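First comes one chain, alone, set out as structure tokens in the form deposited in one PDB entry.
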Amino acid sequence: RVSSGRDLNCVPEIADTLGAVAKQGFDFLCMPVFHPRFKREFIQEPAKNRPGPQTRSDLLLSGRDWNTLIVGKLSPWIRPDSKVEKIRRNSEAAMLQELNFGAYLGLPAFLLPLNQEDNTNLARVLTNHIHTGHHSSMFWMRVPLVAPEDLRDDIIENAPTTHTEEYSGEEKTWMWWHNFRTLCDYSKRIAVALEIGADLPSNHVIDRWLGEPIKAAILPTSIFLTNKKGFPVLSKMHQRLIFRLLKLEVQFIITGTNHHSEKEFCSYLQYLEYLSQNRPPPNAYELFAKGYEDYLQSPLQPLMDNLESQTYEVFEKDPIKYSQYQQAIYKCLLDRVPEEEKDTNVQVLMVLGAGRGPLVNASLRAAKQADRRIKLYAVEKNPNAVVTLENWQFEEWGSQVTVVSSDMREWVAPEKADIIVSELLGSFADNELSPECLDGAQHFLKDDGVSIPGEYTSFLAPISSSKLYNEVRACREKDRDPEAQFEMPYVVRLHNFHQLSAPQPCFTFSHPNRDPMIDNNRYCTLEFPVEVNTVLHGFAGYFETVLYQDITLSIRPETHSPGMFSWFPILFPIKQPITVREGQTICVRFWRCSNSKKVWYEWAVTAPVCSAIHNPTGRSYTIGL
């Protein structure tokens, strides 16, 4: 259920007021740290020398309460971007004062409004404060979905509200954030508290706030409709938005007085509670990955490295993948061994990268399901895993399975195979070097032999996420290129991101690859239609594979194999985010590269602007052969 706080601009007795909101059901309070109306002078005598105290005492709460329950608010008289020199200088000193007091109390967050277009000095002062010794305090920029000027009642007879489509104009609120955010150099302590008005704007405006670090959603009591009984509720369109924000696990703030004066304040709250408990409950994928949301991990290299026990264990905890593998083998046996030949034709069947042998079991289950004879090899170069196979082979499989403990590129096989069954696929299909592995293993396939899988294909899609772009930025390590972290892919359950175009295919590979001029390097150009204003932060990678005929695996969200949680998408970031105006095309270029020892990807954006070529010569990221 919902982590939710109360916004007040009036606190007569902090002890009582906090007592009230906690009984109402709130988890925290947003309140001013100095009285909102108590303007203060810093330069000009006499008001300069106003006797103190300048606010209530820090002794009024436990450090515990301050650290956990109280979000500060910048006094609304503080205006660092005033046109008046005196109000600027005064507000500068006033703003440092209010922030430094928030820091002194160790407040978990402090609220600051964006409600005009020019917040340049506001950003400077915040940024100045931020670089004054590394403190944990968060800053919540209060930004409206809709700028108050564009929400106002059409009641000025000589300044009417324009009734004309202003696509970019209706997004101007996001540009406020974007500028402020950019000026403050993408600080991790600067998040969005998104203020929702009475009337929602066009979806494209709401969609601009995907990929953005929304920590808060502010709901004024105003925007609540009233049902028959008397309870406050929200429109069906407001309800859609709440569901979008709940999956971002934002904290919900409630601002403004009670306009449903029959019900307590636990009413407004209890609706949000009713909404969260009444949502589509988490499916198999969503429940498995509920921890990994936007968690950057380096891509596994099962070739160059030896996978740990618990790694193989989760590969194996995926019944849909092995259902599909079992079937793919089942269909191939029948197509190869006519019914009349069942007891006279035994099939030579070679798992390549058998790990702890879930494919070996699938290969048995698939043979007694199709009533045909099979002879099993289990090739596995990971000697730690080969321990687990040989213990299976002795305890259970018997002489049927002939465990081989070597590289499929090296192994001199006794006989050739009818079927080579592999699992060497990464989130980007070919990024674990299934191509190079099944190429060195092709010579011991019979001239009429199948590979399962026979085809895989990688898919790229451009994304916007100033969130994930900040997570990658955060990955700078000493003793290497300061930008190296942008020139490498990450496996990541993408979430709080914006797909800007439909995935297109990048690289396809066939097995067997009978081709006389076997080359596994690639140059693919992609052109992405983009129908929104947004900011490019990188490319999501997915894959599809044909196991046999019409049995397939996909993590491509459109065609995603249902309930299969072995692969998360990959992310190819870029160093500088790229502005993309509605109707413009994102042109990206990808190269798969290799020498004798390494395989790697280089990538570039060529439109609407050119990026730098990422990871040239594999300097920042390579994959070991």
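Each residue number is its position in the shown sequence, starting from 1. For clarity, a rigid core is taken as the largest C-alpha set superposing within 1.5 Å between two forms.
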Mean C-alpha B-factor higher for 172 to 180, or for 515 to 523? 515 to 523
Identify the stretch, either 346 to 354 or 95 to 103, whose C-alpha atoms have the larger mean B-factor according to the entry. 346 to 354
Among the candidates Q116, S309, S427, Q270, give the one with the maximum CA B-factor reported in the record. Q270
Just to confirm, going by the entry's C-alpha B-factors, which of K73, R79, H163, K467 comes out highest? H163
In terms of its chain's C-alpha B-factors, the third that includes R89 is the middle
Within-chain third of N9 by Cα B-factor, per the entry: middle
Would you check the entry's CA temperature factor for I43 and let me know if it's in the chain's lowest, middle or highest third? highest
C-alpha B factor of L122, ranked within the chain: lowest, middle or highest third? lowest
According to the PDB entry, is the CA B factor of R581 in the bottom, middle or top third of its chain, that is, lowest, middle or highest? middle
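Just so you know, the form deposited in another entry exists too; it's not on screen, but the next bit is about it.
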Which listed residue, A109, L112, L194, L424, is the one whose CA shifts 2 angstroms or more between the shown form and the other one with the rigid core aligned? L424
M408: CA shift of at least 2 Å between the shown form and the other one after core fit? yes
Say whether the C-alpha atoms of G426 and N615 sit closer together or farther apart in the other entry than in the form shown here, given that their separation changes by 3 Å or more. farther
Pairwise C-alpha change, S363 versus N431, in the other entry against this form - closer or farther, 3 angstroms or more: closer
